[PDB]
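For reference, the structure is listed below as structure tokens.
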Amino acid sequence: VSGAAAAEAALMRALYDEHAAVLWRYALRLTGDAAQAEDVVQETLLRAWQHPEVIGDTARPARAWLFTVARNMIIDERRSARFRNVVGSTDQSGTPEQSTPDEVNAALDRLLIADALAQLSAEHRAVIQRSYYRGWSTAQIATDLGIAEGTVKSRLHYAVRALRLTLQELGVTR
Amino acid sequence: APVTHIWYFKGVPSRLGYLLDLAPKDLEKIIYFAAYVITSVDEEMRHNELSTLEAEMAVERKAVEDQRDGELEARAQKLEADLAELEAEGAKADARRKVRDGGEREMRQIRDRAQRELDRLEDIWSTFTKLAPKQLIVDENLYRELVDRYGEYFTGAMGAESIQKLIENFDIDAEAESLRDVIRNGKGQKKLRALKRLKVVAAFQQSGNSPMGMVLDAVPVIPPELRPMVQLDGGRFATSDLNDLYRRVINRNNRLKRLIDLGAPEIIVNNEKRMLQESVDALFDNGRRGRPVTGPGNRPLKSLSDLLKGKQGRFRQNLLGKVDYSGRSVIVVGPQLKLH
RNA sequence: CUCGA
DNA sequence: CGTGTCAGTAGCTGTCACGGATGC
DNA sequence: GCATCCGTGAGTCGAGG
Numbered sequence: 004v005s006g007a008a009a010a011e012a013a014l015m016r017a018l019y020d021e022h023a024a025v026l027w028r029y030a031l032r033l034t035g036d037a038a039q040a041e042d043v044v045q046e047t048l049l050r051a052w053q054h055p056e057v058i059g060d061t062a063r064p065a066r067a068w069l070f071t072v073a074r075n076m077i078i079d080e081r082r083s084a085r086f087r088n089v090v091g092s093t094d095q096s097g098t099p100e101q102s103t104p105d106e107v108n109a110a111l112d113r114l115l116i117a118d119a120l121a122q123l124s125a126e127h128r129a130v131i132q133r134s135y136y137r138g139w140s141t142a143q144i145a146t147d148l149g150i151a152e153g154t155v156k157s158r159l160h161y162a163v164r165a166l167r168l169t170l171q172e173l174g175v176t177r
Numbered sequence: 099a100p101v102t103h104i105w106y107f108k109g110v111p112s113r114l115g116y117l118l119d120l121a122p123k124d125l126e127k128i129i130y131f132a133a134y135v136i137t138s139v140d141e142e143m144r145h146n147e148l149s150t151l152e153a154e155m156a157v158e159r160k161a162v163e164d165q166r167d168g169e170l171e172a173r174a175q176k177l178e179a180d181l182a183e184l185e186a187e188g189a190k191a192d193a194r195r196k197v198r199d200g201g202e203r204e205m206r207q208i209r210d211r212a213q214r215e216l217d218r219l220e221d222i223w224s225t226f227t228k229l230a231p232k233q234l235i236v237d238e239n240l241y242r243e244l245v246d247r248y249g250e251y252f253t254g255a256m257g258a259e260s261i262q263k264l265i266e267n268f269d270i271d272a273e274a275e276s277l278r279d280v281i282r283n284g285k286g287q288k289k290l291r292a293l294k295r296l297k298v299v300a301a302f303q304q305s306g307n308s309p310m311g312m313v314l315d316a317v318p319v320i321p322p323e324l325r326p327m328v329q330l331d332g333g334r335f336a337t338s339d340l341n342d343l344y345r346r347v348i349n350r351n352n353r354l355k356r357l358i359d360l361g362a363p364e365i366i367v368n369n370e371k372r373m374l375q376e377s378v379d380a381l382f383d384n385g386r387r388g389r390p391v392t393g394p395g396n397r398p399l400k401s402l403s404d405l406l407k408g409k410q411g412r413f414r415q416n417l418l419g420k422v423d424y425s426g427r428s429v430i431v432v433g434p435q436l437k438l439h
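Just so you know, the sequences run in chain order F and D. Here the entry's author numbering is used: the first residue of the first sequence is 4, the next is one more, and so on. According to the entry's author numbering, the stretch in the second sequence is residues 99 to 420, 422 to 439, in order.
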């Protein structure tokens, strides 16, 4: 009946009141983290509910079966995932903060490329800005500009050398 | 499972306690699954069935007394027969006094075991008779009896989901004007406590935002670059504490989904929901309630709110003070220099 | 942790 | 994967002034 | 109605670990 399903809930609440607080202390010594001990207790008593053989015999100590399930859970936590990560906390002192370099070298190159680009024809400039700045393919630029495939290859081939002319004339290091 | 924002529960003064007129300690018992709270009670159905439930309770109390007096008589007659039998055996009267004091001790136990049952039925009937919303029931067996008997008449709940229901079944305008009526004419001893309550209630009334926001159904995750995980020169990894707090919230929330799916006993599900409440409480403001979640080395983990607090917080450390094109060196006196 | 004004 | 005789923190108080919500 | 207790605050900059 409905009271038979409620007798199982009053049975779990019974072993909670006799073993949970003692099992929490045991897992607390093996881990040292109270929030982790609570997680081990919930998982240990969950396996007790899933095993009626352990909850059957009251004349046999179910406490010993709990300490063994909790012990095995704790050593499994102590493997690979904890191995690498558990070491450091950024909030904790002694860890170097991440840094990013300044864009000075990138800004100077961008300024010199923008000067050499202005001294190019509208055709060559509109082809290097679609191959290197937009990253399109050779056929994609040919489709957009309405020109031949080899026309884009030739314009790119000269425009690169045209830029190398202007940069070497200004002393840009190879 | 719904969860409460620790800023409005544990932060002083308790904003929820001012809204629902609930004491702070009573609110602490509700959220963390130490006491049920009554959300609704069908007061008219209770009135239309009060006479019948009263007679059934009276008959149950009578049958408890009849069983007590019958058991006490059988024991008292067995005592008087045993003393008469040990008198025919000729035992010393002092040995009879031992059997006499043992019988009186057994009868006292029987009478007390019955009185405790009579007192439970007195509290069960007393509680159901005076049952109103926002009432707390700290005794779990008492609440279990109330549902077993008069469950058709009231509705109660535990944890944060209950408070979510109390905020829903809450008249903002009525409770506002009820505080105003106390404020217009009242004694300063009990009026000041009503003034500050209006300060919280009137804010939810005018602004147009619901107080339901104080109970969370989803928690946001801060972008990863603000809680980064860096690799160490030893091959190992170092991460931000916020990742641990988010990780423990995720671990316990996924375990709750398993218990709900498996139909695990309510004691495991309720004791899991409590842990999910404490995990979100640590994610937002670790250490605010109870002892803080310690990391490796008994070091309290930093919380989201710790990113804004004090001299090391975001405001004073990175906003009120920050620069390029600068330097520093030792100073030396230069007498020949001009003042400018 | 330690030190400088 | 299965788990089944005792099987139970470290650490720590050697801060304090001050105000107001919390509580017997 | 009041003693209790909780939570708040407590210089700036710099060097090396």
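Note that CB positions come from ideal geometry on N, CA and C, so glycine has one too.
Within this structure, are the beta carbons of residue i and residue j separated by less than 9 Å?
{"i": "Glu273 of chain D", "j": "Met310 of chain D", "result": "no"}
{"i": "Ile144 of chain F", "j": "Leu166 of chain F", "result": "no"}
{"i": "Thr137 of chain D", "j": "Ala258 of chain D", "result": "no"}
{"i": "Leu324 of chain D", "j": "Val391 of chain D", "result": "no"}
{"i": "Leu360 of chain D", "j": "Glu370 of chain D", "result": "no"}
{"i": "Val135 of chain D", "j": "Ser260 of chain D", "result": "yes"}
{"i": "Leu26 of chain F", "j": "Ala62 of chain F", "result": "no"}
{"i": "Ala174 of chain D", "j": "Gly201 of chain D", "result": "yes"}
{"i": "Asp118 of chain F", "j": "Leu173 of chain F", "result": "yes"}
{"i": "residue 421 of chain D", "j": "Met327 of chain D", "result": "Missing from the coordinates: residue 421 of chain D, inside the break in chain D from 420 to 422."}
{"i": "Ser401 of chain D", "j": "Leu418 of chain D", "result": "no"}
{"i": "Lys232 of chain D", "j": "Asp119 of chain D", "result": "yes"}
{"i": "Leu277 of chain D", "j": "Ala301 of chain D", "result": "no"}
{"i": "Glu152 of chain D", "j": "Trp223 of chain D", "result": "yes"}
{"i": "residue 83 of chain D", "j": "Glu41 of chain F", "result": "Chain D is shown from 99 up to 439; residue 83 of chain D falls before or after that span and cannot be answered."}
When the cut-off is 9 Å and only beta carbons count, does residue i lie next to chain D?
{"i": "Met15 of chain F", "result": "yes"}
{"i": "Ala37 of chain F", "result": "yes"}
{"i": "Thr98 of chain F", "result": "yes"}
{"i": "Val163 of chain F", "result": "no"}
{"i": "residue 198 of chain F", "result": "No answer is possible for residue 198 of chain F: the residues shown for chain F start at 4 and end at 177."}
{"i": "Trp139 of chain F", "result": "no"}
{"i": "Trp52 of chain F", "result": "yes"}
Using the DSSP secondary-structure output, state which residues sit across from residue i in a beta bridge.
{"i": "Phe268 of chain D", "result": "For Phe268 of chain D, which the question treats as bridged, DSSP gives no partner whatsoever."}
{"i": "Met327 of chain D", "result": "D:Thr337"}
{"i": "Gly91 of chain F", "result": "D:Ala336"}
{"i": "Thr392 of chain D", "result": "D:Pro398"}
{"i": "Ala255 of chain D", "result": "D:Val135"}
{"i": "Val101 of chain D", "result": "D:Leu314"}
{"i": "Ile235 of chain D", "result": "D:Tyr134"}
Please list, in chain order, the chain F residues whose beta carbon lies closer than 9 Å to that of residue i.
{"i": "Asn349 of chain D", "result": "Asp42"}
{"i": "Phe335 of chain D", "result": "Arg87, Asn88, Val89, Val90 and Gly91"}
{"i": "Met373 of chain D", "result": "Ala38, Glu41, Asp42 and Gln45"}
{"i": "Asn369 of chain D", "result": "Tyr19, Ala23, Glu41, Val44, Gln45 and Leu48"}
Could you tell me which chain F residues have their CB closer than 7 Å to the CB of residue i, listed as they occur along the chain?
{"i": "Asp339 of chain D", "result": "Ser92 and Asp94"}
{"i": "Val280 of chain D", "result": "Here the premise fails: no neighbours, minimum Cβ distance about 43 Å."}
{"i": "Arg144 of chain D", "result": "Residues of chain F passing the Cβ test: none, with the nearest at roughly 23 Å."}
Would you say residue i faces chain F, with C-beta separation under 9 Å as the test?
{"i": "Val328 of chain D", "result": "yes"}
{"i": "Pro394 of chain D", "result": "yes"}
{"i": "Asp180 of chain D", "result": "no"}
{"i": "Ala189 of chain D", "result": "no"}
{"i": "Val391 of chain D", "result": "yes"}
{"i": "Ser377 of chain D", "result": "yes"}
{"i": "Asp217 of chain D", "result": "no"}
{"i": "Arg414 of chain D", "result": "no"}
{"i": "residue 85 of chain D", "result": "This structure gives no information on residue 85 of chain D, because the portion of chain D shown stretches from 99 to 439."}
{"i": "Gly332 of chain D", "result": "yes"}
{"i": "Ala362 of chain D", "result": "yes"}
{"i": "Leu357 of chain D", "result": "yes"}
{"i": "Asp342 of chain D", "result": "yes"}
If the cut is a Cβ gap below 8 Å, which residues of chain F does residue i touch?
{"i": "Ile365 of chain D", "result": "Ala12, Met15, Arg16 and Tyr19"}
Where does the unbroken alpha helix (DSSP H) through residue i begin, and where does it stop?
{"i": "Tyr424 of chain D", "result": "Note, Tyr424 of chain D: premise wrong, no alpha helix (DSSP H); not H, not E."}
{"i": "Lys176 of chain D", "result": "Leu148 to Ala186"}
{"i": "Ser224 of chain D", "result": "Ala191 to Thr227"}
{"i": "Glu106 of chain F", "result": "Premise fails: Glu106 of chain F is in no alpha helix (DSSP H) and is neither H nor E."}
{"i": "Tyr136 of chain F", "result": "It is not in any alpha helix (DSSP H) - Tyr136 of chain F carries neither H nor E in the DSSP assignment."}
{"i": "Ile144 of chain F", "result": "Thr141 to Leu148"}
{"i": "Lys127 of chain D", "result": "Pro122 to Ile129"}
{"i": "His160 of chain F", "result": "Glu152 to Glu172"}
Note down, in chain order, every chain D residue with its Cβ under 7 Å from the Cβ of residue i.
{"i": "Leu48 of chain F", "result": "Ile366"}
{"i": "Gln171 of chain F", "result": "Those do not exist, as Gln171 of chain F stays about 33 Å from chain D at its closest Cβ, beyond 7 Å."}
{"i": "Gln101 of chain F", "result": "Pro326 and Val328"}
Below 8 Å on C-beta distance, what does residue i contact in chain D?
{"i": "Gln122 of chain F", "result": "None at all; the shortest Cβ gap to chain D is about 33 Å."}
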